[PDB]
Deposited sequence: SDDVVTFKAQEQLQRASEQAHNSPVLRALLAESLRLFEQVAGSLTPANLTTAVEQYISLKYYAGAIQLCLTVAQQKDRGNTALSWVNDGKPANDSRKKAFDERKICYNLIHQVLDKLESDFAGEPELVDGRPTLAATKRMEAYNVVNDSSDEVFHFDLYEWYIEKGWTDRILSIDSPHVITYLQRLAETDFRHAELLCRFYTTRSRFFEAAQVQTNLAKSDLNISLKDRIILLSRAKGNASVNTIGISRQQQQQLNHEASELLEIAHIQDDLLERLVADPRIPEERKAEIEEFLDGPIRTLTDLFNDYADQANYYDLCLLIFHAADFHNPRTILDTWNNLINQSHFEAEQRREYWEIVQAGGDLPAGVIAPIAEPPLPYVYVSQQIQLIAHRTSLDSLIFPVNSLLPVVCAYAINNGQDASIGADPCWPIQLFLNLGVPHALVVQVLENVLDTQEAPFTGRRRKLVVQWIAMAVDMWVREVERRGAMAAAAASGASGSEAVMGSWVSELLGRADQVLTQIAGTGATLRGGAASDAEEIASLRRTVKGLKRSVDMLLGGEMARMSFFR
């Protein structure tokens, strides 16, 4: 430890500079200086180590200088105090800081190593050998604290590719701990995992990062979840597929909630009926971590009467309350109708050359009739949630849409196909048998507005639904088979409907003011319904194929 050995170490290194022209002697003096320095490594002052490293650099002794720094580092902290003080988080700042002085010198050597060899080719040159020996010392070192400080240095430089090709396990430990605190380092870890074909772990990083309290925008959190769902939908080696689908499910649920929050935040900020003093606080609370469905509903979607987003929340939350779901559909239908009606009015004023109210901006292109806009809102939710949902109870929802169409005159008086409710549900994929089942119930229970002469339209709906049904049976060539199927009950319904029609004709002929004008319409509809009943009876009286529908 004492002074003579140190002086003789410096003496050898001095003589080495004087013998640069004699390569065997230069190499021997340098090794001897290194040997003596390592003997007194625990006692070397920062200034002595610095001068020695500088002279070693001048003589191209890169690897030996680094080995000396690493030897000094361990000897001043043989208990590995800095490692434990780091794996935790104080007077052990003595052990870590003394080590870091050695580590900073190593950075110095490596910087000069690259500068002296920049623009030279990799038998290997002596420069290639010195590079190999120097980085063998660095990378084969067991000082994992040194490696942590080294990785931090590479990152501060932007030398990203050098981090990724590290074949050591210490770099995993380093990135995993700084991913919990900084968004940047978490990305390297995922880039580290995936290139090594480890997608599930990268999905776990991205997921916990999407759930973290770091500063991440909602839209960036959606990107992380979209990524994780993908990395967690394909199994990397050696993890139970029954745990893959676990992470894939979690990322999927969060992604669903996150998109509802994103659509909710986008609408609130753009809403003219929301005051600005509220919008800043809205963006502050929604553009960040993902909220609970309960909070998104009670504090935002419900208050704002965003009935479509409420229905998406009910779907995501497995909310079991058919009454609330149906009432929310009713509010969405009526809200959408009222909005579409006002845009039509303003458009019609422009077409007629009228005057708009002050400040009103009319649609520049023809806006949809109210039932078209209503249908669009229904279809948007259907394509987003699928019909396999509790927010699509056809038995309850189809009568609500049908009642809307009658009560609001969305019929041929505005140019609409009177059967648009039925075409809507059929085009969404609702099976024909279920639609006719609902329409059978509507015809038999006679609840307003499905009363009086308006039951003519209900028969029109039945005829249309059955027409499209037999056409689809003829197209497929087979009838798939208490899920309702085509049977005698359909034929009985069509027969029954004939009595409804003659009853409606009779009350029409005697209306106060003159006979109704739909006498021939009803007569033709009677013939149409009877023709459909023949087709149904022929399909049932036949033997044609009943066919397959696998799960």
Can you give me the gaps, meaning deposited-sequence stretches with no C-alpha coordinates, in sequence order?
90-93, 127-130, 490-497
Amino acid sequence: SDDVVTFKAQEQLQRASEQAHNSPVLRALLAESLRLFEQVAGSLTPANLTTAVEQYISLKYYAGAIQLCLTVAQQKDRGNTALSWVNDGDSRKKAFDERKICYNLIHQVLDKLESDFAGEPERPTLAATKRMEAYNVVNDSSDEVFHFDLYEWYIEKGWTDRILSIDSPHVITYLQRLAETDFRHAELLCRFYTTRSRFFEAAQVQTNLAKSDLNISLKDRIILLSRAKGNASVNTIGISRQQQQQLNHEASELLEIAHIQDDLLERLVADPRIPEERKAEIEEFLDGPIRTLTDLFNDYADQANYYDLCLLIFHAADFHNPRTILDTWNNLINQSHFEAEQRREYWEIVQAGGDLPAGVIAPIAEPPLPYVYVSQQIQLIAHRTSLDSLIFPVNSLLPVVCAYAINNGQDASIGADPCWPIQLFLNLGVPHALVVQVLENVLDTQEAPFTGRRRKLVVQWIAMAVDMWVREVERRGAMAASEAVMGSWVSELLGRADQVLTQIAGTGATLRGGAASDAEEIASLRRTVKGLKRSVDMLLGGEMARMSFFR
From here on, numbers count along this sequence of modelled residues.
Report the stretch with the higher mean CA temperature factor, choosing between 3-11 and 540-548 on the basis of the entry.
540-548
Between 230-238 and 428-436, which has the higher average C-alpha B-factor in the PDB entry?
230-238
Comparing recorded Cα B-factors across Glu32, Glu483, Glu520, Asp498, which one is largest?
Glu483
Among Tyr300, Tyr135, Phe314, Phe117, highest Cα B-factor in the entry goes to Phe117
Determine, from the deposited record, the chain-internal third of the Cα B-factor for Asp467: lowest, middle or highest.
lowest
Select lowest, middle or highest to describe the third in which the CA B-factor of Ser535 falls within its chain in this entry.
middle
Going by what the PDB entry lists, where does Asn321 fall on CA B-factor within its chain: lowest, middle or highest third?
middle
Once the chain's modelled residues are ordered by C-alpha B factor and cut into thirds, is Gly452 in the lowest, middle or highest one?
lowest
Sort the modelled residues of this chain by their C-alpha B factor and say whether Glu281 lands in the lowest, middle or highest third.
highest
